[PDB]
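Chain and residue survey
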Amino acid sequence: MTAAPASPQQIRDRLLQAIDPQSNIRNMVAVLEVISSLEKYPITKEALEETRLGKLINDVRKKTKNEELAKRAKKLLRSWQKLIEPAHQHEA
């Protein structure tokens, strides 16, 4: 459900209904909606800390759709990581 979540807080709610708070998967199919959404909507930096999506980075790293993709994802994640390390080359 929901083709466009837009705001990061709503993504968190969708994550927790797919997995246990202890970061283990109950429904991979439900997880796929979260990652597929994140592929269309990258989490903003102030929202990343606000909604605490950094834990999602930990879980998606191991439970991502494609293990090879997790290596590629770093390019996208760097747009978020700019809050700890200067990364704002062209997405300004």
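- This entry lists solution NMR as its structure determination method.

Describing the environment of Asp 20
- Its location among the elements puts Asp 20 in the loop between α1 (8-18) and α2 (28-40).
- Overall, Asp 20 belongs to the buried group, its relative accessible area being 18%.

Considering the UniProt feature "domain: TFIIS N-terminal" in the chain
- Mapped onto the present numbering, the UniProt feature "domain: TFIIS N-terminal" falls at residues 10-87.
- In residues 10-87, helix accounts for 68% and strand for 0%; the two terminal C-alpha atoms are 25 Å from one another.

A closer look at the pattern of salt bridges
- Overall, the coordinates contain six salt bridges when judged by the stated rule.
- With a closest N to O distance of 2.7 Å, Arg 26 and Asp 20 form a salt bridge.
- For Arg 52, the salt bridge identified is with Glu 50, shortest N-O distance 3.6 Å.
- Owing to a relative accessible area of 58%, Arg 52 belongs among the exposed residues under this scheme.

Focus: the packing of helix α4 (residues 54-63) against helix α5 (residues 67-81)
- Put simply, α4 and α5 touch, their axes get as near as 9 Å, and they point 160 degrees apart. Taken together, the axis directions place α4 and α5 in an arrangement best described as roughly antiparallel. Judged by the twist between their axes, the crossing of α4 over α5 is right-handed. Of the residues in α5, those touching α4 at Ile 57, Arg 61 and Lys 62 are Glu 67, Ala 70, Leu 77, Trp 80 and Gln 81.
- When the residues that make up the contact of α4 with α5 are grouped by side-chain class, the tally is four nonpolar, one polar and three charged.

About the criteria used
Residues are labelled from 1 along each chain in written sequence order, independent of how the entry numbers them, and those without coordinates are excluded. Only heavy atoms go into the side-chain values, all of them from the structure, while hydrogens and water stay out. Put simply, DSSP marks the helices as runs of H or I at least four residues long and the strands as runs of E at least two long, and each gets a number from the N terminus on. Only protein chains enter the area calculation, which uses a 1.4 Å probe; residues under 20% of their type maximum are buried, those over 50% are exposed, and those in between are partly exposed. UniProt positions are given in the numbering used here, feature names are shortened, and annotations may be inferred rather than shown by experiment. When a carboxyl oxygen of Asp or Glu lies within 4 Å of a side-chain nitrogen of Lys or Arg, that pair is called a salt bridge. For helices, the axis comes from a line fit to the C-alpha atoms of the stretch in contact; other axes are also lines fit to C-alpha atoms, and the angle between any two N-to-C directions lies between 0 and 180 degrees. Roughly parallel covers angles under 35 degrees, roughly antiparallel covers those over 145, roughly perpendicular covers 65 to 115, and oblique covers all other angles. In this scheme, a crossing is called left-handed if the near helix is turned counterclockwise away from the far one by less than a right angle; it is called right-handed if the turn is clockwise. Contact criterion: two residues are considered in contact whenever any of their non-hydrogen atoms come within 4.5 Å of each other. For this classification, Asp, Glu, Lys and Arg are treated as charged, while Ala, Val, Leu, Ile, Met, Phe, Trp, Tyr, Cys and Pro are nonpolar and the rest, including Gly, are polar.

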